[PDB]
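Presented below, as structure tokens, is a lone chain in the form deposited in one PDB entry.
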């Protein structure tokens, strides 16, 4: 099996590995990429994996040590891909790379290349999977593009700084984020800054996330006319499979649009 660190990385892997091998995801639904420890049984899972796919050391702290034990031939470190480095946006870069369709393409190519070397017998199927992934993703980019276009100019805050690659591609205009690190709670001042910005900049929405209780987001919005939505950067509701990455980006767009559309 291909073992992916995070569900959306698994979505990409499952598009390429479909009908070739299984895909498994380490980080459970509901858990956060920023605050996690591997299960004791995960050591053996990573050792037995055909391929391990992850973003990198500045993202999944929990992956670095086990990954270092593996052959280079058996891992894809997305953030370190030569085609990915020039696409990194800010000496710190944002590491939520799975929400970049272009980085998803680079990842798919990387996975395709490692799996064709490990399993030359599967070359035809892997080739077709790569071509189908591209076709699906292109269609989704068009659809998402058209869904999000009318939402340009509607301001909003998100809970943590996870969406930059997606927002940049699709032209959304966020006012900002509650936190960078979603475990660390926002200060009373920051919450007031957001509440002030919210009223002054006439924001449409604030977004919670399923991984964290929305109380603090609800409090910034108490008494205001700002709507409340939820974004899921980790695709908890989407199941792994050939079309999962497309379904994920479509759902995320749907989550923005559900709150932002109108009034």
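So that the term is clear: the rigid core is the largest set of C-alpha atoms that superpose within 1.5 Å between two forms. Numbering follows the first chain given and starts at 1. Residues that one form lacks are left out of the comparison.
Below, we refer to the form deposited in another entry, which is not included among the displayed structures.
- Fit the rigid core and compare the CA positions between the shown form and the other one: of 26, 49, 220, 208, just 220 moves by 2 angstroms or more.
- Comparing the forms between the shown form and the other one, the C-alpha position of residue 188 differs by 2 angstroms or more, with the core used for superposition.
- Taking the rigid core as fixed, one finds a CA shift for residue 197 of 2 Å or more between the shown form and the other one.
- Put the two forms on the same core and the Cα of residue 143 is off by less than 2 Å between the shown form and the other one.
- Note: the CA-CA distance for residue 99 and residue 182 expands in the other entry relative to this form, by 3 angstroms or more.
- When the two forms are fitted on their rigid core, the residues between the shown form and the other one that move as runs of three or more, each C-alpha shifted by 2 Å or more, fall in 179-197, 211-222.
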